[PDB]
Amino acid sequence: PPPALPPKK
Amino acid sequence: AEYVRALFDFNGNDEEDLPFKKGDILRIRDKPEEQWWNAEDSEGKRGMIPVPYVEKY
């Protein structure tokens, strides 16, 4: 699986 | 100019997101945030992409 999805600002 | 390569597939839950598949080459158009950039794919589609899912080309 992919890395963590960053939060959007 | 600035190209990145997808390390993983990405679909996104927001309509502004640009889906892509591992291996795709995307051109970076804007960096409105540190971790989410606007990019263009090989068909000319535009959208937001997560920086952790790509690497520099």
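Sequence order for the protein chains is B and A. In this text, residue positions in the first sequence follow the authors' numbering: the first is 1, and each later residue adds one. In this text, residue positions in the second sequence follow the authors' numbering: the first is 134, and each later residue adds one. All C-beta atoms in this analysis are idealised placements derived from N, C-alpha and C, irrespective of residue type, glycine included.
Selected residue, minimal CA-CA separation from residue i, among the options
i: A/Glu-148; options: A/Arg-138, A/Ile-182, A/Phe-141; result: A/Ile-182
i: B/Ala-4; options: A/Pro-185, A/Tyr-190, A/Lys-189; result: A/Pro-185
i: A/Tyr-190; options: A/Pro-152, A/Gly-180, A/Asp-157; result: A/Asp-157
Close beta carbons around residue i, own chain, < 7 Å, minus the five adjacent residues each side
i: A/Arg-160; result: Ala-134, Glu-135, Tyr-136, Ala-172, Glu-173
Neighbourhood of residue i by C-beta distance below 6 Å, restricted to the same chain and skipping five residues each side
i: A/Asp-142; result: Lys-154, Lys-155
i: A/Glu-188; result: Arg-138, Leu-140
C-beta contact flag for residue i and residue j at 8 Å
i: A/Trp-170; j: A/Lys-164; result: yes
i: A/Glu-166; j: B/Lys-8; result: yes
Exercise for the section: Quick one: which residues of the region 149-183 of chain A get their C-beta closer than 7 Å to a C-beta of chain B? List them in chain order. Expected result: The residues in question are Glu-166, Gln-168, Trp-169, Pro-183.
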